[PDB]
file protein-v4.cif (mmCIF, C-alpha atoms)
data_input
loop_
_atom_site.label_atom_id
_atom_site.label_comp_id
_atom_site.auth_asym_id
_atom_site.auth_seq_id
_atom_site.Cartn_x
_atom_site.Cartn_y
_atom_site.Cartn_z
CA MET A 3 56.10 86.49 -150.87
CA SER A 4 53.22 84.06 -151.51
CA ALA A 5 53.44 82.71 -155.08
CA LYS A 6 50.61 80.43 -156.28
CA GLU A 7 50.10 78.18 -159.33
CA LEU A 8 52.78 78.08 -162.05
CA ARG A 9 53.85 74.74 -163.59
CA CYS A 10 52.74 71.82 -161.37
CA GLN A 11 50.06 69.39 -162.61
CA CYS A 12 50.47 67.49 -159.32
CA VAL A 13 48.19 69.95 -157.51
CA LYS A 14 46.40 68.77 -154.36
CA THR A 15 47.25 65.01 -154.40
CA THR A 16 46.88 62.12 -156.85
CA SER A 17 46.07 59.60 -154.09
CA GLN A 18 43.67 57.84 -156.51
CA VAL A 19 46.45 55.23 -156.74
CA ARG A 20 47.08 52.77 -153.88
CA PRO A 21 50.49 51.96 -152.34
CA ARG A 22 51.87 48.40 -152.72
CA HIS A 23 53.93 47.44 -155.82
CA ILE A 24 55.81 50.75 -155.74
CA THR A 25 59.39 51.03 -157.09
CA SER A 26 60.61 54.59 -156.35
CA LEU A 27 59.32 58.12 -155.73
CA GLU A 28 60.64 61.63 -156.02
CA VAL A 29 60.01 64.36 -153.43
CA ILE A 30 60.53 68.01 -154.43
CA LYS A 31 59.70 70.83 -151.99
CA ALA A 32 57.76 73.98 -152.91
CA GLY A 33 60.07 75.53 -155.53
CA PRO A 34 59.23 78.59 -157.66
CA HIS A 35 56.90 77.19 -160.32
CA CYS A 36 55.74 74.89 -157.50
CA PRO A 37 55.15 77.03 -154.38
CA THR A 38 53.16 74.10 -152.97
CA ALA A 39 54.86 70.93 -151.67
CA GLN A 40 55.14 68.58 -154.66
CA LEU A 41 55.76 64.82 -154.53
CA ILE A 42 55.70 62.47 -157.52
CA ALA A 43 56.12 58.69 -157.54
CA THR A 44 56.79 55.62 -159.67
CA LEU A 45 55.14 52.17 -159.75
CA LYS A 46 56.40 48.73 -160.85
CA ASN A 47 54.86 49.52 -164.22
CA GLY A 48 57.28 52.41 -164.90
CA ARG A 49 54.67 55.16 -164.69
CA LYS A 50 54.37 58.06 -162.23
CA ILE A 51 51.50 59.30 -160.16
CA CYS A 52 51.95 61.73 -157.24
CA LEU A 53 51.09 61.94 -153.57
CA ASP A 54 51.34 64.52 -150.75
CA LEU A 55 53.69 64.98 -147.78
CA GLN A 56 51.24 66.00 -145.02
CA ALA A 57 49.27 62.73 -145.10
CA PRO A 58 49.58 59.17 -143.73
CA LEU A 59 49.13 57.80 -147.28
CA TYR A 60 52.70 58.31 -148.47
CA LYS A 61 53.83 57.48 -144.90
CA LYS A 62 52.61 53.96 -145.67
CA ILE A 63 54.95 54.02 -148.70
CA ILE A 64 58.12 55.19 -146.90
CA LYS A 65 57.12 52.94 -143.98
CA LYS A 66 56.87 50.04 -146.46
CA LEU A 67 60.41 50.92 -147.56
CA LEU A 68 61.78 51.00 -143.99
CA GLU A 69 60.27 47.55 -143.32
CA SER A 70 63.23 46.11 -145.26
CA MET B 3 75.55 35.95 -153.83
CA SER B 4 72.27 35.55 -151.92
CA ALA B 5 71.19 39.18 -152.50
CA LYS B 6 74.51 41.03 -152.11
CA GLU B 7 76.54 43.21 -154.51
CA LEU B 8 74.82 43.26 -157.92
CA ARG B 9 74.63 46.57 -159.83
CA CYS B 10 73.90 49.27 -157.21
CA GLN B 11 76.30 52.23 -157.38
CA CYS B 12 75.56 53.57 -153.86
CA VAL B 13 76.45 50.96 -151.23
CA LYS B 14 76.44 51.80 -147.51
CA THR B 15 75.58 55.55 -147.52
CA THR B 16 76.98 58.73 -149.10
CA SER B 17 76.34 60.84 -145.98
CA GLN B 18 79.55 62.80 -146.73
CA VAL B 19 77.15 65.51 -147.97
CA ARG B 20 75.21 67.72 -145.52
CA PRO B 21 71.45 68.48 -145.50
CA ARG B 22 69.79 71.87 -146.38
CA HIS B 23 69.84 73.65 -149.82
CA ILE B 24 68.45 70.37 -151.22
CA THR B 25 65.96 70.11 -154.12
CA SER B 26 64.65 66.52 -154.47
CA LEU B 27 65.69 62.94 -153.74
CA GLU B 28 64.85 59.45 -155.02
CA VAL B 29 63.76 56.58 -152.77
CA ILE B 30 64.28 53.10 -154.28
CA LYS B 31 63.70 49.95 -152.20
CA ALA B 32 65.92 46.85 -152.36
CA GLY B 33 65.26 45.70 -155.94
CA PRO B 34 67.09 42.85 -157.72
CA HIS B 35 70.40 44.44 -158.70
CA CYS B 36 70.00 46.33 -155.41
CA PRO B 37 68.99 43.86 -152.67
CA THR B 38 69.92 46.56 -150.14
CA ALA B 39 67.76 49.65 -149.53
CA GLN B 40 68.93 52.32 -151.99
CA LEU B 41 68.16 56.06 -151.78
CA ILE B 42 69.64 58.73 -154.05
CA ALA B 43 69.26 62.49 -153.78
CA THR B 44 69.58 65.80 -155.60
CA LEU B 45 70.92 69.19 -154.49
CA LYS B 46 70.49 72.81 -155.58
CA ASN B 47 73.42 72.34 -157.90
CA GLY B 48 71.66 69.63 -159.98
CA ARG B 49 73.89 66.81 -158.80
CA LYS B 50 73.03 63.61 -156.92
CA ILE B 51 74.55 62.02 -153.88
CA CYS B 52 72.75 59.36 -151.82
CA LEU B 53 71.73 58.66 -148.25
CA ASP B 54 70.21 55.78 -146.25
CA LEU B 55 66.71 55.12 -144.89
CA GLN B 56 67.53 53.65 -141.45
CA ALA B 57 69.21 56.83 -140.16
CA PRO B 58 68.17 60.22 -138.73
CA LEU B 59 70.30 61.97 -141.39
CA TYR B 60 67.79 61.74 -144.24
CA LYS B 61 65.05 62.18 -141.60
CA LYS B 62 66.36 65.74 -141.29
CA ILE B 63 65.78 66.08 -145.06
CA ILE B 64 62.16 64.81 -145.09
CA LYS B 65 61.57 66.77 -141.87
CA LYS B 66 62.95 69.84 -143.67
CA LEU B 67 60.42 69.18 -146.47
CA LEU B 68 57.51 68.80 -144.01
CA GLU B 69 58.20 72.05 -142.11
CA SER B 70 56.85 73.76 -145.27
CA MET C 3 42.54 59.14 -180.18
CA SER C 4 44.09 57.17 -177.29
CA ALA C 5 43.12 58.86 -174.00
CA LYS C 6 42.88 62.67 -173.83
CA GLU C 7 44.71 64.85 -171.28
CA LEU C 8 45.49 62.64 -168.26
CA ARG C 9 48.74 63.55 -166.46
CA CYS C 10 51.12 65.62 -168.64
CA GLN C 11 52.52 68.99 -167.52
CA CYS C 12 54.69 69.22 -170.64
CA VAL C 13 51.99 69.96 -173.25
CA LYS C 14 53.28 71.25 -176.61
CA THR C 15 56.85 72.30 -175.63
CA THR C 16 58.47 74.47 -172.94
CA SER C 17 61.15 75.84 -175.30
CA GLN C 18 60.96 79.20 -173.45
CA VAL C 19 64.23 78.04 -171.85
CA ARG C 20 67.51 78.15 -173.81
CA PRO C 21 70.05 75.30 -174.03
CA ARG C 22 73.54 75.86 -172.55
CA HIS C 23 74.30 75.09 -168.87
CA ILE C 24 72.21 71.91 -168.80
CA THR C 25 72.86 68.91 -166.52
CA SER C 26 70.52 66.06 -167.49
CA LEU C 27 67.18 65.49 -169.21
CA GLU C 28 64.44 62.89 -169.25
CA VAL C 29 62.69 61.64 -172.37
CA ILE C 30 59.51 59.58 -171.96
CA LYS C 31 57.58 58.39 -175.04
CA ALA C 32 53.81 58.76 -175.40
CA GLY C 33 52.53 56.53 -172.56
CA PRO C 34 48.86 56.25 -171.54
CA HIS C 35 48.38 59.40 -169.46
CA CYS C 36 50.74 60.90 -172.04
CA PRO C 37 49.68 59.83 -175.55
CA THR C 38 51.85 62.71 -176.81
CA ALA C 39 55.66 62.47 -176.94
CA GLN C 40 56.86 63.92 -173.61
CA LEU C 41 60.42 64.81 -172.52
CA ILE C 42 61.47 66.80 -169.47
CA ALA C 43 64.87 68.31 -168.71
CA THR C 44 67.13 69.58 -165.93
CA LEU C 45 69.39 72.63 -165.66
CA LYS C 46 72.43 73.56 -163.53
CA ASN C 47 70.05 75.14 -161.07
CA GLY C 48 68.44 71.74 -160.30
CA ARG C 49 65.09 72.61 -161.85
CA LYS C 50 63.23 71.02 -164.77
CA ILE C 51 61.67 72.47 -167.86
CA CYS C 52 60.70 70.36 -170.90
CA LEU C 53 61.30 70.32 -174.62
CA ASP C 54 60.12 68.39 -177.70
CA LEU C 55 61.58 65.49 -179.71
CA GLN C 56 60.62 66.53 -183.27
CA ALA C 57 62.60 69.80 -183.22
CA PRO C 58 66.22 70.94 -183.69
CA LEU C 59 66.08 72.70 -180.29
CA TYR C 60 66.69 69.64 -178.11
CA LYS C 61 68.98 68.34 -180.90
CA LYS C 62 71.30 71.18 -179.88
CA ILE C 63 71.21 69.73 -176.35
CA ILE C 64 72.05 66.11 -177.28
CA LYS C 65 74.54 67.48 -179.83
CA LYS C 66 76.12 69.49 -176.99
CA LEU C 67 76.33 66.24 -174.99
CA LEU C 68 78.00 64.36 -177.88
CA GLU C 69 80.65 67.05 -178.51
CA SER C 70 82.24 65.73 -175.29
CA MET D 3 90.11 71.20 -164.72
CA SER D 4 90.44 68.17 -162.42
CA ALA D 5 89.60 64.46 -162.85
CA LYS D 6 90.54 61.86 -160.21
CA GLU D 7 88.83 59.03 -158.29
CA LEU D 8 85.12 59.91 -158.58
CA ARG D 9 81.80 57.97 -158.69
CA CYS D 10 80.20 57.13 -162.06
CA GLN D 11 76.95 55.18 -161.57
CA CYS D 12 77.73 53.39 -164.85
CA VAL D 13 81.23 53.02 -166.35
CA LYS D 14 81.71 51.95 -169.98
CA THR D 15 78.14 50.95 -171.01
CA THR D 16 75.47 48.53 -169.76
CA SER D 17 74.42 47.49 -173.29
CA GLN D 18 73.78 43.95 -171.96
CA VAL D 19 70.10 44.99 -172.12
CA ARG D 20 68.27 45.19 -175.47
CA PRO D 21 66.09 48.11 -176.63
CA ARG D 22 62.35 47.49 -177.22
CA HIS D 23 59.78 47.87 -174.40
CA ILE D 24 61.48 50.90 -172.85
CA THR D 25 59.70 53.74 -170.99
CA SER D 26 62.18 56.60 -170.43
CA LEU D 27 65.90 57.20 -169.97
CA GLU D 28 68.14 59.81 -168.34
CA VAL D 29 70.93 61.63 -170.17
CA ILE D 30 73.56 63.28 -167.94
CA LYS D 31 76.80 64.68 -169.44
CA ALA D 32 80.26 64.30 -167.90
CA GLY D 33 79.74 65.99 -164.52
CA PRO D 34 82.42 66.22 -161.82
CA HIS D 35 81.89 62.87 -160.07
CA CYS D 36 81.39 61.57 -163.63
CA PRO D 37 83.86 63.20 -166.05
CA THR D 38 82.81 60.56 -168.59
CA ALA D 39 79.50 60.83 -170.49
CA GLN D 40 76.89 59.04 -168.34
CA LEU D 41 73.45 57.91 -169.57
CA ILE D 42 70.96 55.83 -167.59
CA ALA D 43 67.64 54.35 -168.70
CA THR D 44 64.33 52.88 -167.57
CA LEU D 45 62.34 49.86 -168.82
CA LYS D 46 58.65 48.84 -168.65
CA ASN D 47 59.53 46.88 -165.55
CA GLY D 48 60.41 50.11 -163.68
CA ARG D 49 64.12 49.34 -163.43
CA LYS D 50 67.14 51.22 -164.81
CA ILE D 51 70.08 50.02 -166.82
CA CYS D 52 72.39 52.39 -168.74
CA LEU D 53 73.68 52.94 -172.25
CA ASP D 54 76.26 55.15 -174.02
CA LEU D 55 75.92 58.27 -176.20
CA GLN D 56 78.60 57.60 -178.86
CA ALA D 57 76.97 54.39 -180.17
CA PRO D 58 74.11 53.40 -182.50
CA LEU D 59 72.59 51.27 -179.69
CA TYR D 60 70.85 54.10 -177.83
CA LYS D 61 70.27 55.73 -181.25
CA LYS D 62 67.84 52.86 -181.84
CA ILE D 63 66.06 53.94 -178.63
CA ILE D 64 65.71 57.65 -179.49
CA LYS D 65 64.88 56.61 -183.07
CA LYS D 66 62.16 54.35 -181.64
CA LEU D 67 60.85 57.37 -179.68
CA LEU D 68 60.81 59.59 -182.80
CA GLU D 69 58.93 57.06 -184.96
CA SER D 70 55.89 58.06 -182.87
#
call {"tool": "encode", "arguments": {"input": "protein-v4.cif", "output": "structure tokens"}}
result
Amino acid sequence: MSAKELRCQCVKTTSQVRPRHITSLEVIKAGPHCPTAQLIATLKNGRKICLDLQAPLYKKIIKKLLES
Amino acid sequence: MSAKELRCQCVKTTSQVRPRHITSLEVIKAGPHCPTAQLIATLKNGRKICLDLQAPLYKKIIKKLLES
Amino acid sequence: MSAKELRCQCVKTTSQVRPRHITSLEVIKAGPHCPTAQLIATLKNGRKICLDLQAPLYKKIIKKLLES
Amino acid sequence: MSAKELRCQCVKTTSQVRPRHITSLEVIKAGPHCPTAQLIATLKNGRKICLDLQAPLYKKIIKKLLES
């Protein structure tokens, strides 16, 4: 009914990183081990941080991808 | 050829698939081998099709991920 | 020695899952946030667990991918 | 039991790239759209090429990931 916690280190949001030289990002919804919305990303230096979906921060990312 | 046809496997858009029962999707911008905007996706049956970014089709996907 | 617990959900090994109806699997080396060897995986039910690289468990996976 | 016109993101093998400063690589078996073994990869410059599974080329990659 209302699962909580399980296997998602991307809890809350890793917005500590800033959007700009991004390359690609994944977006998984709240699955089983992840009852919360989970979004991970990837930079130009093939590494992956993670952002949220209910914030204008990642909207600057997708918006930066629509620009082209 | 002035940014056109390089090594991208999903040209135009693979909208032949319908939204819902999805799991996660990739969002890559127009890189080098892919001068065009490229977006891939993933379904419940761990497979991957691909959609576009300038259309309301994938907007139904992200919107389906925000409703939660 | 290099870094200590930064961004790795696959600590030790998630071998609780058994190999068989797999689809694809990732394998990242020990980066910065992940000084430990880290590899994730994907099943038929588009989900992702994670295994190790110094064990015969994932070798049954790659071996199952070579048989074809 | 059916193999006709499908969509492999990488036919044959993109060995044109050399192994060395890699970051992570995908390993998907012969799915439906891809009845052939399909393996993709990722470099330090977050990009993705693709290699094979029945060759010692990618074995140098996994071997380089085990050395650690």
call {"tool": "closest_residue", "arguments": {"input": "protein-v4.cif", "among": "B:40, B:4, B:27, B:17", "to": "residue 58 of chain B", "atoms": "all atoms listed in the file"}}
result
B:17
call {"tool": "residues_near_point", "arguments": {"input": "protein-v4.cif", "point": "(57.2, 46.6, -148.5)", "cutoff": "12 Å", "atoms": "only C-alpha atoms", "output": "list in words"}}
result
residues 21, 22, 23, 24, 25, 26, 61, 62, 63, 64, 65, 66, 67, 68, 69 and 70 of chain A; 30, 31, 32, 33 and 39 of chain B
call {"tool": "atom_distance", "arguments": {"input": "protein-v4.cif", "atom1": "atom CA of residue 19 of chain C", "atom2": "atom CA of residue 37 of chain A"}}
result
19.7 Å
call {"tool": "resolve_selection", "arguments": {"input": "protein-v4.cif", "expression": "the PyMOL selection byres ((chain C and resi 5) around 8)", "output": "ChimeraX atom specification"}}
result
/C:3-4,6-8,34-35,37
call {"tool": "resolve_selection", "arguments": {"input": "protein-v4.cif", "expression": "the PyMOL selection byres ((chain C) within 8 of (chain A))", "output": "list in words"}}
result
residues 9, 10 and 11 of chain C
call {"tool": "atom_distance", "arguments": {"input": "protein-v4.cif", "atom1": "atom CA of residue 38 of chain A", "atom2": "atom CA of residue 15 of chain A"}}
result
10.9 Å
call {"tool": "atom_distance", "arguments": {"input": "protein-v4.cif", "atom1": "atom CA of residue 44 of chain B", "atom2": "atom CA of residue 41 of chain C"}}
result
19.3 Å
call {"tool": "calpha_fit_and_write", "arguments": {"input": "protein-v4.cif", "fixed": "chain B", "moving": "chain C", "output": "compact mmCIF listing (two decimals) with C-alpha atoms, in the frame of the given file"}}
result
# COMPACT_ATOMS: atom_id res chain seq x y z
CA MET C 3 71.78 36.16 -149.47
CA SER C 4 69.79 37.37 -152.51
CA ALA C 5 72.26 38.36 -155.26
CA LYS C 6 75.56 40.03 -154.32
CA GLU C 7 76.80 43.35 -155.76
CA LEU C 8 75.06 43.84 -159.12
CA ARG C 9 74.36 47.50 -159.99
CA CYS C 10 74.43 49.80 -156.92
CA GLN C 11 76.65 52.90 -156.73
CA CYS C 12 75.16 53.87 -153.37
CA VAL C 13 76.79 51.21 -151.15
CA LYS C 14 76.61 51.88 -147.39
CA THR C 15 75.72 55.62 -147.40
CA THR C 16 77.08 58.80 -149.00
CA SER C 17 76.38 60.96 -145.92
CA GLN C 18 79.57 62.96 -146.69
CA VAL C 19 77.12 65.59 -147.99
CA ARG C 20 75.12 67.76 -145.56
CA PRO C 21 71.36 68.44 -145.77
CA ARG C 22 70.19 72.03 -146.40
CA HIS C 23 69.76 73.40 -149.96
CA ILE C 24 68.27 70.17 -151.33
CA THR C 25 65.81 69.96 -154.25
CA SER C 26 64.55 66.38 -154.59
CA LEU C 27 65.59 62.83 -153.71
CA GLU C 28 64.91 59.32 -154.91
CA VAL C 29 64.30 56.34 -152.65
CA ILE C 30 64.38 52.85 -154.19
CA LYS C 31 63.92 49.77 -151.98
CA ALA C 32 66.19 46.72 -152.17
CA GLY C 33 65.51 45.45 -155.71
CA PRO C 34 67.42 42.59 -157.38
CA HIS C 35 70.63 44.33 -158.47
CA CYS C 36 70.17 46.22 -155.20
CA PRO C 37 69.28 43.78 -152.40
CA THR C 38 70.28 46.56 -149.99
CA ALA C 39 68.01 49.56 -149.30
CA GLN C 40 69.12 52.24 -151.79
CA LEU C 41 68.12 55.93 -151.95
CA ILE C 42 69.70 58.66 -154.04
CA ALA C 43 69.25 62.42 -153.73
CA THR C 44 69.55 65.73 -155.58
CA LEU C 45 70.90 69.13 -154.54
CA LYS C 46 70.38 72.73 -155.75
CA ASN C 47 73.38 72.25 -157.99
CA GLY C 48 71.56 69.53 -160.00
CA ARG C 49 73.82 66.71 -158.85
CA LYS C 50 73.03 63.54 -156.90
CA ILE C 51 74.55 62.02 -153.83
CA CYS C 52 72.83 59.30 -151.77
CA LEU C 53 71.85 58.66 -148.18
CA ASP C 54 70.38 55.84 -146.06
CA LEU C 55 66.87 55.05 -144.79
CA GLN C 56 67.65 53.69 -141.30
CA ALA C 57 69.30 56.90 -140.04
CA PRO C 58 68.22 60.29 -138.64
CA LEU C 59 70.31 62.04 -141.34
CA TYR C 60 67.82 61.74 -144.19
CA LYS C 61 65.05 62.17 -141.57
CA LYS C 62 66.32 65.75 -141.29
CA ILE C 63 65.75 66.04 -145.05
CA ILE C 64 62.15 64.73 -145.12
CA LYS C 65 61.52 66.67 -141.89
CA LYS C 66 62.81 69.79 -143.69
CA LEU C 67 60.34 69.01 -146.51
CA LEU C 68 57.41 68.63 -144.07
CA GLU C 69 58.10 71.91 -142.23
CA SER C 70 56.69 73.56 -145.38
call {"tool": "axis_aligned_box", "arguments": {"input": "protein-v4.cif", "around": "segment 6-23 of chain B", "padding_each_side": "6 Å", "output": "JSON"}}
result
{"center_x": 74.7, "center_y": 57.3, "center_z": -152.7, "size_x": 21.8, "size_y": 44.6, "size_z": 26.3}
call {"tool": "build_atoms", "arguments": {"input": "protein-v4.cif", "residues": "segment 19-37 of chain A", "atoms": "N, CA and C atoms", "output": "short mmCIF file (atom, residue, chain, number, x, y, z; two decimals), in the frame of the given file"}}
result
data_model
loop_
_atom_site.label_atom_id
_atom_site.label_comp_id
_atom_site.auth_asym_id
_atom_site.auth_seq_id
_atom_site.Cartn_x
_atom_site.Cartn_y
_atom_site.Cartn_z
N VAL A 19 45.69 56.51 -156.63
CA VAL A 19 46.45 55.23 -156.74
C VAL A 19 46.70 54.67 -155.34
N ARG A 20 46.84 53.38 -155.22
CA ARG A 20 47.08 52.77 -153.88
C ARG A 20 48.54 52.32 -153.78
N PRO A 21 49.09 52.36 -152.58
CA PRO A 21 50.49 51.96 -152.34
C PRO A 21 50.60 50.43 -152.28
N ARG A 22 51.69 49.89 -152.76
CA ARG A 22 51.87 48.40 -152.72
C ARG A 22 53.05 48.00 -153.62
N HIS A 23 52.82 47.85 -154.89
CA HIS A 23 53.93 47.44 -155.82
C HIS A 23 54.68 48.69 -156.29
N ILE A 24 55.10 49.51 -155.38
CA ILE A 24 55.81 50.75 -155.74
C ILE A 24 57.29 50.42 -156.05
N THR A 25 57.96 51.29 -156.77
CA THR A 25 59.39 51.03 -157.09
C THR A 25 60.24 52.20 -156.58
N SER A 26 59.82 53.42 -156.83
CA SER A 26 60.61 54.59 -156.35
C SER A 26 59.75 55.85 -156.43
N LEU A 27 60.12 56.86 -155.70
CA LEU A 27 59.32 58.12 -155.73
C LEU A 27 60.21 59.32 -155.51
N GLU A 28 59.87 60.37 -156.17
CA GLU A 28 60.64 61.63 -156.02
C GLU A 28 59.93 62.54 -155.02
N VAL A 29 60.65 63.45 -154.41
CA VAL A 29 60.01 64.36 -153.43
C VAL A 29 60.61 65.76 -153.56
N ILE A 30 59.97 66.64 -154.29
CA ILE A 30 60.53 68.01 -154.43
C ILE A 30 59.75 68.96 -153.51
N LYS A 31 60.42 69.90 -152.90
CA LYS A 31 59.70 70.83 -151.99
C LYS A 31 58.98 71.90 -152.81
N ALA A 32 58.48 72.92 -152.17
CA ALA A 32 57.76 73.98 -152.91
C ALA A 32 58.76 74.92 -153.58
N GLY A 33 59.11 74.65 -154.81
CA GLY A 33 60.07 75.53 -155.53
C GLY A 33 59.35 76.80 -156.00
N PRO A 34 59.82 77.37 -157.08
CA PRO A 34 59.23 78.59 -157.66
C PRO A 34 57.96 78.23 -158.43
N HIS A 35 58.10 77.57 -159.54
CA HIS A 35 56.90 77.19 -160.32
C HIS A 35 55.99 76.33 -159.43
N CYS A 36 56.55 75.73 -158.41
CA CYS A 36 55.74 74.89 -157.50
C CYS A 36 55.88 75.42 -156.06
N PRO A 37 55.11 76.44 -155.73
CA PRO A 37 55.15 77.03 -154.38
C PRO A 37 54.52 76.07 -153.37
#
